[PDB]
Amino acid sequence: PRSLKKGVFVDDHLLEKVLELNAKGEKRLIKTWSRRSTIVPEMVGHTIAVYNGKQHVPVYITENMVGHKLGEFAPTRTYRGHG
Amino acid sequence: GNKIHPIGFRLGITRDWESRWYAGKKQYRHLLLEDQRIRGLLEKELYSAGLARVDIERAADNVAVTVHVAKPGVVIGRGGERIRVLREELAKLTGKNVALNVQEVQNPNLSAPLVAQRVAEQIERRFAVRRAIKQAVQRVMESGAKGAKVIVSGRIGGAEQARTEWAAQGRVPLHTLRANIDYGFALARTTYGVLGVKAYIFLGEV
Amino acid sequence: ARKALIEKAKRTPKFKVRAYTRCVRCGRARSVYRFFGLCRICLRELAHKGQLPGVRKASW
Amino acid sequence: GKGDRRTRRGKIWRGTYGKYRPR
RNA sequence: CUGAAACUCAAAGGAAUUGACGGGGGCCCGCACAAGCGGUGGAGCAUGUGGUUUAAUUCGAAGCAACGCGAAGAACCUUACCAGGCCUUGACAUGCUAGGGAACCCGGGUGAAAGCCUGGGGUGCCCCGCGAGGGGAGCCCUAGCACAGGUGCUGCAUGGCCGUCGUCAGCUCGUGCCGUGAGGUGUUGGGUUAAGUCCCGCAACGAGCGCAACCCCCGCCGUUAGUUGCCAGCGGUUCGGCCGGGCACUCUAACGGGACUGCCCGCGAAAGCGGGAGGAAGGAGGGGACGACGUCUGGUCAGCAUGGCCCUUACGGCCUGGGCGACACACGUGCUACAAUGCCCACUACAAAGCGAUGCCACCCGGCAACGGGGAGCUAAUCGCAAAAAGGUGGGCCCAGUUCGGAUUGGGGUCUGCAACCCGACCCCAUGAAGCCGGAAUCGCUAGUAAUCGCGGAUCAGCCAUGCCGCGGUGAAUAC
RNA sequence: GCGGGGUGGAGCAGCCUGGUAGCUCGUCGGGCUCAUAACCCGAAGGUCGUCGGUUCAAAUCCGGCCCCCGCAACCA
Ligand SMILES: [Mg+2]
Ligand SMILES: [Mg+2]
Ligand SMILES: [Mg+2]
Ligand SMILES: [Mg+2]
Ligand SMILES: [Mg+2]
Ligand SMILES: [Mg+2]
Ligand SMILES: [Mg+2]
Ligand SMILES: [Mg+2]
Ligand SMILES: [Mg+2]
Ligand SMILES: [Mg+2]
Ligand SMILES: [Mg+2]
Ligand SMILES: [Mg+2]
Ligand SMILES: [Mg+2]
Ligand SMILES: [Mg+2]
Ligand SMILES: [Mg+2]
Ligand SMILES: [Mg+2]
Ligand SMILES: [Mg+2]
Ligand SMILES: [Mg+2]
Ligand SMILES: [Mg+2]
Ligand SMILES: [Mg+2]
Ligand SMILES: [Mg+2]
Ligand SMILES: [Mg+2]
Ligand SMILES: [Mg+2]
Ligand SMILES: [Mg+2]
Ligand SMILES: [Mg+2]
Ligand SMILES: [Mg+2]
Ligand SMILES: [Mg+2]
Ligand SMILES: [Mg+2]
Ligand SMILES: [Mg+2]
Ligand SMILES: [Mg+2]
Ligand SMILES: [Mg+2]
Ligand SMILES: [Mg+2]
Ligand SMILES: [Mg+2]
Ligand SMILES: [Mg+2]
Ligand SMILES: [Mg+2]
Ligand SMILES: [Mg+2]
Ligand SMILES: [Mg+2]
Ligand SMILES: [Mg+2]
Ligand SMILES: [Mg+2]
Ligand SMILES: [Mg+2]
Ligand SMILES: [Mg+2]
Ligand SMILES: [Mg+2]
Ligand SMILES: [Mg+2]
Ligand SMILES: [Mg+2]
Ligand SMILES: [Mg+2]
Ligand SMILES: [Mg+2]
Ligand SMILES: [Mg+2]
Ligand SMILES: [Mg+2]
Ligand SMILES: [Mg+2]
Ligand SMILES: [Mg+2]
Ligand SMILES: [Mg+2]
Ligand SMILES: [Mg+2]
Ligand SMILES: [Mg+2]
Ligand SMILES: [Mg+2]
Ligand SMILES: [Mg+2]
Ligand SMILES: [Mg+2]
Ligand SMILES: [Mg+2]
Ligand SMILES: [Mg+2]
Ligand SMILES: [Mg+2]
Ligand SMILES: [Mg+2]
Ligand SMILES: [Mg+2]
Ligand SMILES: [Mg+2]
Ligand SMILES: [Mg+2]
Ligand SMILES: [Mg+2]
Ligand SMILES: [Mg+2]
Ligand SMILES: [Mg+2]
Ligand SMILES: [Mg+2]
Ligand SMILES: [Mg+2]
Ligand SMILES: [Zn+2]
């Protein structure tokens, strides 16, 4: 995984938007292209629109889903089965 | 399409490289690329003169470019003139000691890249492709050559069905390595598309 | 996507990971040898011509 | 074995090292 | 028996020529069959493909001769596909008009980045230059015109390059002769060979492209050379060719020699065939390089070249993200196995070819480990990668879905990289699936081969490599 | 009015004697072939016309309704 000795990665520009809103009190909408990011404790309760290549997917973050990456919650493929 | 390139087949036996110099792993490409940039510029200008062979030598930040040609006068210029104006043009790209010679060609008819280049011209000028080839061979042989073969592929006369026509005289033992084979290729542009010209000259064996 | 790509290939990028080799003679992105700077196709073409110093066919 | 990472023969296959093949 | 027409076709035919084919003949050959040995087809997995799915799952490849193929390295990049945000002489070449100042480096606002908006700072020359000031043009910026640009279509318009039948023994030409002519002749015929190989014969006589030879690797010997390589002898030896000393030997790498049916018996008109000797080598010594005229309207406009057709605020271009990695299924090539001629642990041997200065990294230390911090040597016959592995000695397992097999997943870490969600490799704890030798069918190999074992290299930040190109270890069975 | 019948896609067994659905072709997946057929190897699909009843249990026995085949319907 992301090497523990280094950092816990969040794209600089998005982290700021969360933290700006934290002061003011959250929450508007957050159109992002930050799949490479980590969901991070400051993000809980926000509603983030993640780009899956196609759409901006509305994801409400919870206290349970923190250590993951953002893109795990914006599916890249549409699959309904065969036949 | 099967046959081997008869030049590269003979390297280190009957034919010798046109770039004779050494370099280590970290420098080889940068020099080789210069020969590439140089040979283009040379053949961009010197095509008129009747360019036959581009030899390049190197030591350390210096290079002697020995050019073979059928009209040495058009290369050298007015009293040392054109051959000068290239020296400056040359060391502009090179950035180094550009020693540019010009050497005699003691017969364009024994020069494969020349025999081809001329035929490529004749058919750019709407000439009879069959007849022109038999002539090309007929020149080469009259100059005492041991054997000759000449090939043109493409829309001959503009024909919609592409065709490969060829002609030959004497010997051409392309399987034999102790036999000297000068090979030259010439690409003829036209209005209806491009044709390709192959020439093989058998000088004599070793 | 062609000429803009041989040209995008030389300029120094937005991150150094994105460095990819393009055959300096014809621009082939695939099969590019470090030593010559060429693609396996040009490799063979210059060589056969005898314009590759010290290069000759291997037979063993 | 040759597919079993937790063995000697297994890590020789991959060309790597560990407790199950020390260097 | 006598015997029409309407309608309808652009021919129906005769002989002979060259081919191709024959469940015709003859003579031969190729791991073609047979004789054997190991597989594939079942299983789990890696990879390519068909389908389907998808916003997109870019494109080509299609029976032998498409399918681990272009791809010798898809997270962004690559990348040609799709979504969204953007740029208009334009990411790029060669020209002119005019404006700034030339140039170049540093940061700022905004936004995912691109971009759009911005704040800095000084031009040479040669010149009237103690002075406002002026341009030429090395160059960047800016409003235009040329023109750029297109992996958009056409391999059925093309060059080039390649596959292919086929390493098969063939394909022709000049002249003469024959036939009205296509064409035949030679090239057929006897024999021989790996071969249109050589011999003998002949209205044929020669010539050419092919076969073979010339070139490389290997097997024996020699000359030359002796460090970083080697150590037979002697002497020192901290016990390591480590020092003296030497190039003898192994080797390294250039130049030669040697093999030719040359000698003998014999069968033969001959070319050759069976045998014998000498010799490291014997009848092409083993392997390689090398592929005739042509065939497949074969393959590649996506490596490149190129006619033409097509697009121009876009079929061009820049970016951020996603897709190329999808999954009811089918097929191809593979990897690892189902075990005792085996699995596992400890100790212990013997290769080769390669590779390596933000590269290989001895050695020391932290760590179960991947790795991490130290740090020496080496532009490398010196130093490193490096342990080769199957093997040998000893010990355990005891016929079990197992101490076989290592897929699937849970949990925890290392590294590369801006970034490993989709979508990398590796290490560790736990989980321990299918599979008990594979239906119809089907593949490879004739000897240092098959089978089995490890090592390297290209691409390459890392890597989905079990792929490919090589290298040595051990080493068969069988051909009536 | 009397007798017989309806079972994968087609055509027939199994019902009498209750427990267990079979045969040929066809369909689908694989193989041989350049390819198709044939041929070879595997594999899917009938909840037995319906509704009711007997039974522990009904394709099977009994009733209802439905559709089909055959025969009868004469003195008038
Ligand atoms: Mg025109
Ligand atoms: Mg192009
Ligand atoms: Mg890269
Ligand atoms: Mg590359
Ligand atoms: Mg095991
Ligand atoms: Mg094994
Ligand atoms: Mg009659
Ligand atoms: Mg006839
Ligand atoms: Mg076979
Ligand atoms: Mg057999
Ligand atoms: Mg068998
Ligand atoms: Mg099998
Ligand atoms: Mg399988
Ligand atoms: Mg697909
Ligand atoms: Mg195409
Ligand atoms: Mg076909
Ligand atoms: Mg790859
Ligand atoms: Mg991607
Ligand atoms: Mg992108
Ligand atoms: Mg991109
Ligand atoms: Mg991509
Ligand atoms: Mg073609
Ligand atoms: Mg095509
Ligand atoms: Mg072609
Ligand atoms: Mg004649
Ligand atoms: Mg006649
Ligand atoms: Mg006559
Ligand atoms: Mg004739
Ligand atoms: Mg013949
Ligand atoms: Mg003939
Ligand atoms: Mg004969
Ligand atoms: Mg042969
Ligand atoms: Mg001959
Ligand atoms: Mg004759
Ligand atoms: Mg000596
Ligand atoms: Mg003999
Ligand atoms: Mg040969
Ligand atoms: Mg075609
Ligand atoms: Mg093109
Ligand atoms: Mg074109
Ligand atoms: Mg792909
Ligand atoms: Mg299968
Ligand atoms: Mg595989
Ligand atoms: Mg398989
Ligand atoms: Mg089990
Ligand atoms: Mg990943
Ligand atoms: Mg087990
Ligand atoms: Mg089982
Ligand atoms: Mg057992
Ligand atoms: Mg087995
Ligand atoms: Mg088997
Ligand atoms: Mg059988
Ligand atoms: Mg054989
Ligand atoms: Mg490497
Ligand atoms: Mg690697
Ligand atoms: Mg993978
Ligand atoms: Mg390997
Ligand atoms: Mg029925
Ligand atoms: Mg009955
Ligand atoms: Mg019964
Ligand atoms: Mg079927
Ligand atoms: Mg069939
Ligand atoms: Mg009851
Ligand atoms: Mg029943
Ligand atoms: Mg009932
Ligand atoms: Mg009932
Ligand atoms: Mg009833
Ligand atoms: Mg009746
Ligand atoms: Zn190239």
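Residues numbered from 1 in each chain as written, not as in the entry; some residues may be left out. Chains lettered and ligands numbered in written order. Part of a larger assembly, values for the part shown. Heavy atoms only, no water. Residues with missing side-chain atoms left out of burial classes, pairs and counts.

In the PDB archive, X-ray crystallography is given as the structure determination method for this entry, at a resolution of 2.8000 Å.

Undergrad: Explain the protein's contact with RNA strand E to me, please; I cannot follow it from the model alone.
TA: Taken together, 108 residues lie around RNA strand E, and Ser-3, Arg-35 and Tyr-79 of chain A together with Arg-9 and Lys-11 of chain D are the ones closest in. Counting only the atoms of RNA strand E within 4 Å of the protein, the fraction contributed by sugar and phosphate is 70%. Here a phosphate oxygen of RNA strand E sits 3.4 Å away from a polar atom, N or O, in the main chain of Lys-16 of chain C. Within the backbone of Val-17 of chain C, one N or O atom sits 3.3 Å away from a base nitrogen of RNA strand E. When contributions to the surface near RNA strand E are tallied by element, the ones reaching two or more residues are α1 (12-24) of chain A, β5 (147-154), β6 (163-170), β7 (179-189) and β8 (194-205) of chain B, α1 (3-10) and α2 (40-49) of chain C together with α1 (8-14) of chain D. A per-element tally of the surface near RNA strand E places α1 of chain D first, with six residues. For the surface near RNA strand E, the per-class residue count stands at 35 nonpolar, 27 polar and 46 charged. (Near = heavy atom within 4 Å. Polar contact = N/O pair within 3.5 Å; in protein donor to acceptor, adjacent residues only side chain to side chain. Helix = DSSP H or I, 4+ residues; strand = E, 2+ residues; numbered from the N terminus. Nonpolar A, V, L, I, M, F, W, Y, C, P; charged D, E, K, R; others polar.)

Undergrad: How should the sheet that holds β7 of chain B be read in this particular structure?
TA: Within a sheet, adjacent strands bond to each other through the backbone by hydrogen bonds, running parallel or antiparallel. All names here are of chain B. Taking strand neighbours across the sheet as the criterion, the four strands line up as β6-β5-β8-β7 in an open arrangement whose pairing is antiparallel. This sheet does not close on itself; its edge strands, each paired only once, are β6 and β7. Mean inter-strand twist for the sheet, computed between neighbouring axes without regard to direction, equals 10°. As paired strands, β5 and β6 are joined by eight bridges and run antiparallel to one another. Note that in β6 the partner of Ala-148 across the bridge is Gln-169. (Pairing = 2+ DSSP bridges. Axes fitted to C-alpha atoms, helices over the stretch in contact; angles between N-to-C directions.)

Undergrad: How should the domain arrangement of chain B be read in this particular structure?
TA: Interface size, as often reported, equals the accessible area lost upon joining of the parts. Residues and elements named next belong to chain B. We note that the domain assignment places domain 1 (16-106) and domain 2 (107-206) within chain B. Inter-centroid distance (C-alpha atoms) of domain 1 to domain 2 is 26 Å. Taken together, the contacts link seven residues of domain 1 with six residues of domain 2. In the side of domain 1 that touches domain 2, the residues fall into five nonpolar, two polar and no charged. (Domains from an automatic or database assignment. Contact = heavy atoms within 4.5 Å.)

Undergrad: Help me understand the interface of chain C and chain B in this model?
TA: Counting residues at the interface gives 18 residues for chain C and 17 residues for chain B. For the pairing of chain C and chain B, the buried interface totals around 1700 Å² over both sides, and the portion due to carbon and sulfur atoms is 61%. A per-residue breakdown of the area chain C buries against chain B is headed by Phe-35, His-48 and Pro-53 of chain C, which together make up 36% of the total. The interface formed by chain C and chain B holds zero salt bridges in total. Of the residues in the side of chain C that touches chain B, the class split is eight nonpolar, five polar and five charged. (Buried area = accessible area lost by both parts, 1.4 Å probe. Salt bridge = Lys/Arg side-chain N within 4 Å of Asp/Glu carboxyl O.)

Undergrad: Please clarify how the nonpolar core should be interpreted in this entry.
TA: Proteins that are soluble and globular tend to have nonpolar side chains buried together. Ranked by size, the top nonpolar core spans 27 residues in total, and within it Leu-42, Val-65 and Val-67 of chain B together with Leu-52 of chain C carry the most contacts. Within the residue set of this core, elements represented by two or more residues are α1 (28-45), β2 (51-58) and β3 (62-69) of chain B together with α2 of chain C. Here the element with the most residues in this core is α1 of chain B; it accounts for five residues. In contact with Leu-42 of chain B, other than residues within four places in its own chain, are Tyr-47, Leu-51, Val-54, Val-65, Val-67 and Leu-90 of chain B. Residues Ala-112, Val-129, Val-152 and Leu-195 of chain B belong to the second largest nonpolar core, which totals 24 residues. (Core = buried A, V, L, I, M, F, W, Y, C linked by side-chain atoms within 4.5 Å. Buried < 20%, exposed > 50% of the residue type's maximum accessible area, 1.4 Å probe, protein only.)

Undergrad: Can you help me understand the sheet that holds strand β1 (residues 30-32) of chain A in this one?
TA: Residue and element names in this part refer to chain A. Overall, mixed pairing links the three strands, which are arranged β1-β2-β3 in an open sheet. Of all the strands in the sheet, the pair left with one neighbour each is β1 and β3 (56-60). Ignoring which end each strand starts from, the neighbouring axes of this sheet average 30° apart. Looking at chain direction, β1 and strand β2 (residues 47-51) are connected through three bridges and run parallel. Paired with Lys-31 across the strands is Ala-49, a residue of β2.

Undergrad: Just checking my understanding: could you explain α2 of chain C for this structure?
TA: Helical geometry note: an α-helix holds 3.6 residues per turn, so side chains three or four residues apart project in the same direction. Buried residues of α2 of chain C: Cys-42, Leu-43, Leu-46, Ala-47 and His-48 of chain C, and no others. Where α2 of chain C is buried, its residues contact α1 of chain B. Of the residues flanking the end of α2 of chain C, it is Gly-50 of chain C, one or two places downstream, whose phi is positive at about 85°.

Undergrad: Hey, could you run me through the arrangement of the chains in this one?
TA: Over all C-alpha pairs, chain A and chain B never come within contact, reaching a minimum spacing of 34 Å. Of all C-alpha pairs spanning chain A and chain C, none lies closer than 15 Å, and the two are not in contact.

Undergrad: Please explain the layout of surface pockets as it appears in this structure.
TA: A volume near 720 Å³ is recorded for the second largest pocket. Lining the second largest pocket are 26 residues; nearest its centre among them are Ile-6, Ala-9, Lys-10, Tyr-20 and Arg-22 of chain C. The set of elements that each furnish at least two residues to the lining of the second largest pocket consists of α1 of chain B together with α1 of chain C. Within the lining of the second largest pocket, the residues separate by chemical class into twelve nonpolar, five polar and nine charged. (1 Å grid on protein atoms, 1.4 Å probe; cavity = no way out; pocket = protein on both sides within 12 Å on 5 of 7 lines; lining within 4 Å. Points joined across faces, edges and corners; volume = space filled by probe spheres on them.)

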